[PDB]
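All remarks here apply to the structure that follows.
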2 protein chains.
Amino acid sequence: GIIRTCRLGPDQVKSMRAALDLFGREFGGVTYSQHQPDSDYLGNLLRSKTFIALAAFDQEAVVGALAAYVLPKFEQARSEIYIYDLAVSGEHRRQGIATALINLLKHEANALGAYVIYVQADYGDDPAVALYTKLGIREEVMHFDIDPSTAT
Amino acid sequence: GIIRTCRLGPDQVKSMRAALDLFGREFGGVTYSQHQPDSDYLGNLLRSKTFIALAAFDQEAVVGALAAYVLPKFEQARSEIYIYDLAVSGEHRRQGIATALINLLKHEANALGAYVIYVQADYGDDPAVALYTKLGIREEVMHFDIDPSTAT
Ligand SMILES: CC(C)(COP(=O)(O)OP(=O)(O)OC[C@H]1O[C@@H](n2cnc3c(N)ncnc32)[C@H](O)[C@@H]1OP(=O)(O)O)[C@@H](O)C(=O)NCCC(=O)NCCS
Ligand SMILES: CC(C)(COP(=O)(O)OP(=O)(O)OC[C@H]1O[C@@H](n2cnc3c(N)ncnc32)[C@H](O)[C@@H]1OP(=O)(O)O)[C@@H](O)C(=O)NCCC(=O)NCCS
């Protein structure tokens, strides 16, 4: 029960595949565990300045993970970080794991001169909504999906 | 009134600064026109595979612009495109400009193997909401902002 948090680098594709499994198990979409990208693709993601993979380790086991994207802005020299997925092992809930990964993300943001971190949640994901409401400021917005298949 | 649409490259920082002015004027935030990043920063954005700047030209004038981010996914070898800003000159509305830039974005998505394009709107931006409702599928969601200043 000694938890370590870190940002994965491209030497850690093995721990990254294990974070992928955590997502699949926790979101029900094992979508995450078959059809995983090959090792070069994962390595290339971990090499980018614009993708942030964070993990919490129990021993060598991955018990929490967070994937976020850095969005370098165009109107001004500044950045925003967008949390895409965040999961914690079911056997490890209510132990501060999600909060520690978010805390590490803030340290990553500060190093990047990113001025805000933001994350989105569906109506009904009450854990998610409770966590983010404790940690940040809620706004409500609309999302639209567009199919590129219809290009003309 | 011959409109041309294209994706800017790093040789076109001049047209990109003009797209920045269109945003500032159209969103009221001229935030967009002072404090612009320097030319290397803009050039580096235009060099990335992960940032998409699209513009519509009347002569040499920029009359529409769209900034989007490609999000290479981690669970699977695939991508999503996230439209950040989209603006059209006030003297050029109701002429198909926004729709053409979105159409070009779909061609960019198809070339990238991106499978979806998505965009967000505030309750009350009825042009935006009407455009996106004609073009895609609305969902409603929550957004939370987190201040990295509080890292511990
Ligand atoms: C939400 C989740 C990240 C929680 O992780 P966690 O380590 O157990 O959270 P932490 O221990 O650091 O922080 C707990 C805080 O989150 C909130 N919360 C967490 N789980 C909750 C739950 N099951 N029910 C209600 N509120 C919850 C609370 O606000 C809580 O604060 P508190 O203990 O002071 O009341 C995750 O375990 C989960 O259950 N599902 C993943 C879904 C998700 O987060 N986002 C959508 C997937 S991308
Ligand atoms: C919204 C905006 C992109 C419209 O651009 P446009 O070139 O005039 O749009 P197009 O001519 O290609 O397409 C028109 C469609 O958009 C919708 N629409 C566009 N402007 C509208 C308006 N002012 N009022 C109501 N609906 C509008 C309609 O659905 C319309 O379809 P229709 O002509 O068949 O009824 C832009 O000009 C604007 O007014 N404000 C920018 C705000 C924004 O788009 N997003 C938030 C900023 S990031």
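Within each chain, counting starts at residue 1; across the structure tokens, chains are named A, B, ... in the order shown, with ligands numbered 1 upward in that order.
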
Taking only C-alpha atoms into account and nothing else, which residues of chain A lie no more than 8 Å away from chain B? Please answer as a ChimeraX atom specification. /A:20,31-33,35-37,41-42,45,69,71-72,74-77,103-107,109-110,114-123,132-133,135-152

Can you tell me which residues come within 8 Å of ligand 1 when counting only C-alpha atoms and all ligand atoms, ideally as a PyMOL selection string? chain A and resi 23+26-27+64+84-90+92-100+121-122+125-134

Hey, can you spit out that residue selection with C-alpha atoms as a PDB file, in the first residue's frame?
ATOM      1  CA  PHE A  23      -9.601   2.117 -18.125  1.00  0.00           C
ATOM      2  CA  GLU A  26     -13.310   0.604 -14.870  1.00  0.00           C
ATOM      3  CA  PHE A  27     -15.340   2.088 -17.755  1.00  0.00           C
ATOM      4  CA  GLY A  64      -4.777   4.683 -11.127  1.00  0.00           C
ATOM      5  CA  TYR A  84      -9.596  12.928 -21.197  1.00  0.00           C
ATOM      6  CA  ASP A  85      -9.798   9.859 -18.908  1.00  0.00           C
ATOM      7  CA  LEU A  86      -9.228   9.199 -15.215  1.00  0.00           C
ATOM      8  CA  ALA A  87      -9.749   5.853 -13.507  1.00  0.00           C
ATOM      9  CA  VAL A  88      -8.897   4.180 -10.196  1.00  0.00           C
ATOM     10  CA  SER A  89      -8.885   0.457  -9.391  1.00  0.00           C
ATOM     11  CA  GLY A  90     -12.046  -0.670  -7.628  1.00  0.00           C
ATOM     12  CA  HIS A  92      -8.283   1.178  -4.248  1.00  0.00           C
ATOM     13  CA  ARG A  93     -11.148   3.698  -4.144  1.00  0.00           C
ATOM     14  CA  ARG A  94     -11.580   6.337  -1.435  1.00  0.00           C
ATOM     15  CA  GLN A  95      -7.800   6.461  -0.819  1.00  0.00           C
ATOM     16  CA  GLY A  96      -6.881   9.759  -2.427  1.00  0.00           C
ATOM     17  CA  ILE A  97      -5.651   8.206  -5.712  1.00  0.00           C
ATOM     18  CA  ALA A  98      -7.658  10.331  -8.152  1.00  0.00           C
ATOM     19  CA  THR A  99      -6.801  13.477  -6.158  1.00  0.00           C
ATOM     20  CA  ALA A 100      -3.070  12.683  -6.204  1.00  0.00           C
ATOM     21  CA  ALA A 121     -18.430  14.759 -17.267  1.00  0.00           C
ATOM     22  CA  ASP A 122     -21.725  13.183 -18.265  1.00  0.00           C
ATOM     23  CA  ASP A 125     -21.526   9.929 -13.417  1.00  0.00           C
ATOM     24  CA  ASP A 126     -21.927  11.039  -9.824  1.00  0.00           C
ATOM     25  CA  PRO A 127     -18.484   9.971  -8.573  1.00  0.00           C
ATOM     26  CA  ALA A 128     -16.893  11.917 -11.411  1.00  0.00           C
ATOM     27  CA  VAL A 129     -19.221  14.864 -10.803  1.00  0.00           C
ATOM     28  CA  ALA A 130     -18.576  14.814  -7.064  1.00  0.00           C
ATOM     29  CA  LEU A 131     -14.807  14.662  -7.555  1.00  0.00           C
ATOM     30  CA  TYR A 132     -14.708  17.467 -10.074  1.00  0.00           C
ATOM     31  CA  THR A 133     -17.136  19.587  -8.044  1.00  0.00           C
ATOM     32  CA  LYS A 134     -14.838  19.312  -5.038  1.00  0.00           C
TER      33      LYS A 134
END

Least-squares superpose chain A on chain B across all ordered C-alpha pairs, then write out what you get as an mmCIF file with C-alpha atoms, in the first residue's frame.
data_model
loop_
_atom_site.group_PDB
_atom_site.id
_atom_site.type_symbol
_atom_site.label_atom_id
_atom_site.label_comp_id
_atom_site.auth_asym_id
_atom_site.auth_seq_id
_atom_site.Cartn_x
_atom_site.Cartn_y
_atom_site.Cartn_z
ATOM 1 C CA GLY A 1 -16.369 37.497 -53.799
ATOM 2 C CA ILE A 2 -14.334 34.488 -54.834
ATOM 3 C CA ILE A 3 -13.767 32.600 -51.587
ATOM 4 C CA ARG A 4 -10.821 30.214 -51.232
ATOM 5 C CA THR A 5 -10.414 27.859 -48.265
ATOM 6 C CA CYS A 6 -7.149 26.260 -47.209
ATOM 7 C CA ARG A 7 -5.179 24.917 -44.300
ATOM 8 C CA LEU A 8 -2.410 27.279 -43.210
ATOM 9 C CA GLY A 9 1.151 26.049 -43.030
ATOM 10 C CA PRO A 10 4.139 27.633 -41.289
ATOM 11 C CA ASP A 11 4.906 29.738 -44.340
ATOM 12 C CA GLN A 12 1.616 31.579 -43.664
ATOM 13 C CA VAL A 13 2.077 33.194 -40.291
ATOM 14 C CA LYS A 14 0.874 36.446 -41.851
ATOM 15 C CA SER A 15 -2.522 34.964 -42.746
ATOM 16 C CA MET A 16 -2.657 33.336 -39.307
ATOM 17 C CA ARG A 17 -2.277 36.662 -37.499
ATOM 18 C CA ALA A 18 -5.137 37.882 -39.679
ATOM 19 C CA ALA A 19 -7.248 34.934 -38.564
ATOM 20 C CA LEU A 20 -6.441 35.909 -34.999
ATOM 21 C CA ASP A 21 -7.816 39.391 -35.674
ATOM 22 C CA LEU A 22 -11.025 37.860 -37.079
ATOM 23 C CA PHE A 23 -11.540 35.970 -33.811
ATOM 24 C CA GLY A 24 -10.906 39.046 -31.666
ATOM 25 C CA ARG A 25 -13.305 41.148 -33.681
ATOM 26 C CA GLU A 26 -16.040 38.498 -33.861
ATOM 27 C CA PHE A 27 -15.871 37.244 -30.249
ATOM 28 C CA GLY A 28 -15.399 40.824 -29.001
ATOM 29 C CA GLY A 29 -11.984 39.973 -27.524
ATOM 30 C CA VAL A 30 -9.453 42.268 -29.230
ATOM 31 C CA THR A 31 -7.189 39.146 -25.978
ATOM 32 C CA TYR A 32 -6.770 38.037 -29.619
ATOM 33 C CA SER A 33 -5.101 41.056 -31.322
ATOM 34 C CA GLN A 34 -2.907 42.548 -28.668
ATOM 35 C CA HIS A 35 -0.667 40.005 -26.918
ATOM 36 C CA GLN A 36 -0.457 37.804 -30.032
ATOM 37 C CA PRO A 37 2.368 35.229 -29.842
ATOM 38 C CA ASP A 38 5.566 35.913 -31.721
ATOM 39 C CA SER A 39 6.215 34.515 -35.151
ATOM 40 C CA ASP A 40 8.202 31.440 -34.124
ATOM 41 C CA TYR A 41 5.414 30.363 -31.773
ATOM 42 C CA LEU A 42 2.784 30.726 -34.520
ATOM 43 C CA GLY A 43 5.107 29.009 -37.000
ATOM 44 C CA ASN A 44 5.645 26.101 -34.593
ATOM 45 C CA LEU A 45 1.879 25.728 -34.205
ATOM 46 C CA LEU A 46 1.430 25.640 -37.959
ATOM 47 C CA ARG A 47 4.180 23.032 -38.204
ATOM 48 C CA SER A 48 2.481 20.554 -35.903
ATOM 49 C CA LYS A 49 0.444 17.631 -37.171
ATOM 50 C CA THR A 50 -1.808 18.206 -34.117
ATOM 51 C CA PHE A 51 -3.005 21.766 -34.758
ATOM 52 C CA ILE A 52 -5.243 22.630 -37.692
ATOM 53 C CA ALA A 53 -5.689 26.230 -38.784
ATOM 54 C CA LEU A 54 -8.118 26.741 -41.642
ATOM 55 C CA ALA A 55 -8.902 30.032 -43.348
ATOM 56 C CA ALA A 56 -11.250 31.402 -45.989
ATOM 57 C CA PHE A 57 -9.855 34.166 -48.191
ATOM 58 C CA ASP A 58 -11.754 36.810 -50.151
ATOM 59 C CA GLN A 59 -8.836 38.405 -51.872
ATOM 60 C CA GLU A 60 -5.899 38.388 -49.516
ATOM 61 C CA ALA A 61 -8.394 39.172 -46.727
ATOM 62 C CA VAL A 62 -9.223 36.501 -44.171
ATOM 63 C CA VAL A 63 -13.015 36.318 -43.893
ATOM 64 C CA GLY A 64 -13.325 33.028 -41.996
ATOM 65 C CA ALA A 65 -11.152 30.979 -39.711
ATOM 66 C CA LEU A 66 -11.236 27.719 -37.793
ATOM 67 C CA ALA A 67 -8.762 26.376 -35.213
ATOM 68 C CA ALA A 68 -8.953 22.709 -34.258
ATOM 69 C CA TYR A 69 -6.758 20.193 -32.406
ATOM 70 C CA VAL A 70 -6.155 16.591 -33.396
ATOM 71 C CA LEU A 71 -6.331 14.240 -30.413
ATOM 72 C CA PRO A 72 -4.465 11.019 -31.115
ATOM 73 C CA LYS A 73 -6.155 8.445 -28.900
ATOM 74 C CA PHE A 74 -4.476 6.017 -26.528
ATOM 75 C CA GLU A 75 -6.984 3.136 -26.224
ATOM 76 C CA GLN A 76 -6.789 2.561 -29.993
ATOM 77 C CA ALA A 77 -4.908 3.788 -33.043
ATOM 78 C CA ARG A 78 -7.413 6.467 -34.097
ATOM 79 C CA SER A 79 -7.990 10.171 -33.730
ATOM 80 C CA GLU A 80 -10.603 12.737 -32.878
ATOM 81 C CA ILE A 81 -10.616 16.386 -33.972
ATOM 82 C CA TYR A 82 -11.735 19.079 -31.540
ATOM 83 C CA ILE A 83 -12.879 22.415 -33.001
ATOM 84 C CA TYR A 84 -11.772 25.186 -30.651
ATOM 85 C CA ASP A 85 -12.797 28.407 -32.461
ATOM 86 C CA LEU A 86 -14.720 29.234 -35.625
ATOM 87 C CA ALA A 87 -15.525 32.745 -36.816
ATOM 88 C CA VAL A 88 -16.777 34.467 -39.971
ATOM 89 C CA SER A 89 -16.519 38.156 -40.881
ATOM 90 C CA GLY A 90 -19.712 40.069 -40.163
ATOM 91 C CA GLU A 91 -19.822 41.347 -43.743
ATOM 92 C CA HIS A 92 -19.681 37.752 -45.024
ATOM 93 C CA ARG A 93 -22.326 35.914 -42.977
ATOM 94 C CA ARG A 94 -25.005 33.659 -44.471
ATOM 95 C CA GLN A 95 -22.749 32.789 -47.444
ATOM 96 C CA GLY A 96 -21.717 29.250 -46.598
ATOM 97 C CA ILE A 97 -18.315 30.229 -45.121
ATOM 98 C CA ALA A 98 -18.563 28.384 -41.800
ATOM 99 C CA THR A 99 -19.952 25.303 -43.587
ATOM 100 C CA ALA A 100 -17.095 25.283 -46.113
ATOM 101 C CA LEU A 101 -14.449 25.479 -43.385
ATOM 102 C CA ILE A 102 -16.115 22.600 -41.579
ATOM 103 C CA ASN A 103 -16.289 20.714 -44.869
ATOM 104 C CA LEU A 104 -12.544 21.214 -45.333
ATOM 105 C CA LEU A 105 -12.009 20.043 -41.761
ATOM 106 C CA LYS A 106 -13.789 16.801 -42.644
ATOM 107 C CA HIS A 107 -11.409 16.303 -45.596
ATOM 108 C CA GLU A 108 -8.507 16.920 -43.202
ATOM 109 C CA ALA A 109 -10.038 14.431 -40.762
ATOM 110 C CA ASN A 110 -10.417 11.761 -43.438
ATOM 111 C CA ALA A 111 -6.805 12.157 -44.448
ATOM 112 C CA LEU A 112 -5.797 11.681 -40.772
ATOM 113 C CA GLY A 113 -7.941 8.610 -40.139
ATOM 114 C CA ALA A 114 -9.804 10.716 -37.607
ATOM 115 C CA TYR A 115 -13.229 9.210 -37.115
ATOM 116 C CA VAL A 116 -15.109 12.113 -35.505
ATOM 117 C CA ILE A 117 -14.988 15.879 -35.204
ATOM 118 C CA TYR A 118 -16.548 17.547 -32.185
ATOM 119 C CA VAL A 119 -17.193 21.067 -31.002
ATOM 120 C CA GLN A 120 -18.658 22.713 -27.928
ATOM 121 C CA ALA A 121 -21.083 25.599 -27.496
ATOM 122 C CA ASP A 122 -22.431 27.749 -24.685
ATOM 123 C CA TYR A 123 -26.151 27.946 -23.978
ATOM 124 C CA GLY A 124 -27.170 31.248 -25.624
ATOM 125 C CA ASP A 125 -24.842 31.276 -28.670
ATOM 126 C CA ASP A 126 -27.765 30.578 -30.965
ATOM 127 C CA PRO A 127 -25.922 30.992 -34.279
ATOM 128 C CA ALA A 128 -23.302 28.526 -33.086
ATOM 129 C CA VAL A 129 -25.992 26.199 -31.735
ATOM 130 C CA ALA A 130 -28.022 26.420 -34.933
ATOM 131 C CA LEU A 131 -24.975 25.729 -37.102
ATOM 132 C CA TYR A 132 -23.815 22.768 -35.076
ATOM 133 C CA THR A 133 -27.351 21.386 -34.777
ATOM 134 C CA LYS A 134 -27.665 21.416 -38.558
ATOM 135 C CA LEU A 135 -24.280 19.719 -38.899
ATOM 136 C CA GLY A 136 -24.031 17.285 -36.015
ATOM 137 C CA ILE A 137 -25.604 15.524 -33.044
ATOM 138 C CA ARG A 138 -26.092 17.520 -29.847
ATOM 139 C CA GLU A 139 -25.306 16.119 -26.392
ATOM 140 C CA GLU A 140 -25.329 18.074 -23.146
ATOM 141 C CA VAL A 141 -22.465 17.751 -20.655
ATOM 142 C CA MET A 142 -20.710 19.412 -17.732
ATOM 143 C CA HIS A 143 -17.351 21.194 -17.830
ATOM 144 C CA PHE A 144 -15.118 21.765 -14.803
ATOM 145 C CA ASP A 145 -12.135 24.120 -14.579
ATOM 146 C CA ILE A 146 -9.189 23.387 -12.231
ATOM 147 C CA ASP A 147 -6.588 25.919 -11.105
ATOM 148 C CA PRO A 148 -3.059 24.403 -11.229
ATOM 149 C CA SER A 149 -1.970 27.228 -8.920
ATOM 150 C CA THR A 150 -3.025 25.099 -5.960
ATOM 151 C CA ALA A 151 -0.599 22.206 -6.667
ATOM 152 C CA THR A 152 0.796 20.743 -3.444
#

Please identify the strand (DSSP E or B) residues within range 11-105 of chain A (assignment by DSSP from backbone atoms) and present them as a list in words.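 Written out, the strand (DSSP E or B) residues of range 11-105 of chain A are residues 51, 52, 53, 54, 55, 56, 57, 62, 63, 64, 65, 66, 67, 68, 69, 70, 71, 72, 79, 80, 81, 82, 83, 84, 85, 86, 87 and 88 of chain A.
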
Could those selected residues go to a file with N, CA and C atoms, as a tab-separated table (two decimals), in the first residue's frame?
chain	number	residue	atom	x	y	z
A	51	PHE	N	0.92	15.12	-24.93
A	51	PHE	CA	0.12	14.06	-24.31
A	51	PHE	C	0.69	13.79	-22.93
A	52	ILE	N	-0.16	13.68	-21.93
A	52	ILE	CA	0.31	13.45	-20.57
A	52	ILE	C	-0.34	12.19	-20.05
A	53	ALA	N	0.46	11.15	-19.82
A	53	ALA	CA	-0.04	9.95	-19.17
A	53	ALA	C	0.54	9.89	-17.76
A	54	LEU	N	-0.35	9.83	-16.79
A	54	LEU	CA	0.03	9.73	-15.39
A	54	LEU	C	-0.50	8.41	-14.84
A	55	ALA	N	0.28	7.80	-13.96
A	55	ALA	CA	-0.09	6.55	-13.33
A	55	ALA	C	0.28	6.55	-11.86
A	56	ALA	N	-0.53	5.82	-11.09
A	56	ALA	CA	-0.28	5.50	-9.70
A	56	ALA	C	0.02	4.01	-9.60
A	57	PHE	N	1.13	3.69	-8.93
A	57	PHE	CA	1.60	2.33	-8.78
A	57	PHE	C	1.45	1.86	-7.33
A	62	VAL	N	-0.57	-1.05	-11.69
A	62	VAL	CA	-1.14	0.25	-11.98
A	62	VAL	C	-2.51	0.26	-11.35
A	63	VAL	N	-2.71	1.14	-10.37
A	63	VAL	CA	-3.98	1.26	-9.66
A	63	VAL	C	-4.71	2.56	-9.93
A	64	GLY	N	-4.09	3.49	-10.66
A	64	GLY	CA	-4.78	4.68	-11.13
A	64	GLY	C	-4.11	5.21	-12.39
A	65	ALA	N	-4.90	5.83	-13.24
A	65	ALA	CA	-4.32	6.41	-14.44
A	65	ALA	C	-5.08	7.64	-14.87
A	66	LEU	N	-4.37	8.53	-15.56
A	66	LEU	CA	-4.97	9.76	-16.07
A	66	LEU	C	-4.28	10.09	-17.38
A	67	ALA	N	-5.10	10.32	-18.42
A	67	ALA	CA	-4.65	10.76	-19.74
A	67	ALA	C	-5.18	12.16	-20.05
A	68	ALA	N	-4.28	13.06	-20.39
A	68	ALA	CA	-4.65	14.45	-20.62
A	68	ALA	C	-3.87	14.93	-21.84
A	69	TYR	N	-4.38	15.98	-22.48
A	69	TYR	CA	-3.79	16.58	-23.67
A	69	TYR	C	-3.44	18.03	-23.35
A	70	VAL	N	-2.27	18.47	-23.76
A	70	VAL	CA	-1.94	19.88	-23.64
A	70	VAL	C	-2.38	20.59	-24.90
A	71	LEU	N	-3.05	21.73	-24.76
A	71	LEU	CA	-3.56	22.46	-25.92
A	71	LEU	C	-2.85	23.78	-26.01
A	72	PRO	N	-1.79	23.87	-26.79
A	72	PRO	CA	-1.08	25.14	-26.91
A	72	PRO	C	-1.96	26.11	-27.69
A	79	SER	N	-1.18	27.85	-22.49
A	79	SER	CA	-1.66	26.50	-22.69
A	79	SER	C	-2.77	26.16	-21.73
A	80	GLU	N	-3.56	25.19	-22.14
A	80	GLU	CA	-4.64	24.62	-21.36
A	80	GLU	C	-4.44	23.12	-21.39
A	81	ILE	N	-4.79	22.44	-20.31
A	81	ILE	CA	-4.69	20.98	-20.24
A	81	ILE	C	-6.09	20.40	-20.16
A	82	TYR	N	-6.36	19.39	-20.97
A	82	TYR	CA	-7.68	18.79	-21.07
A	82	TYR	C	-7.61	17.33	-20.62
A	83	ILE	N	-8.21	17.03	-19.47
A	83	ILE	CA	-8.23	15.67	-18.95
A	83	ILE	C	-9.23	14.87	-19.75
A	84	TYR	N	-8.77	13.78	-20.37
A	84	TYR	CA	-9.60	12.93	-21.20
A	84	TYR	C	-10.19	11.78	-20.38
A	85	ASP	N	-9.34	10.97	-19.74
A	85	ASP	CA	-9.80	9.86	-18.91
A	85	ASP	C	-9.04	9.82	-17.59
A	86	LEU	N	-9.75	9.35	-16.56
A	86	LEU	CA	-9.23	9.20	-15.22
A	86	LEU	C	-9.95	8.02	-14.58
A	87	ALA	N	-9.19	7.07	-14.08
A	87	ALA	CA	-9.75	5.85	-13.51
A	87	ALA	C	-8.92	5.45	-12.30
A	88	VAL	N	-9.57	4.78	-11.35
A	88	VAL	CA	-8.90	4.18	-10.20
A	88	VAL	C	-9.41	2.76	-9.99

Please, which residues of chain B, numbered as in this document, come out helix (DSSP H, G or I) from DSSP, as number ranges by chain? B: 10-26, 39-47, 90-92, 97-111, 126-135, 148-150
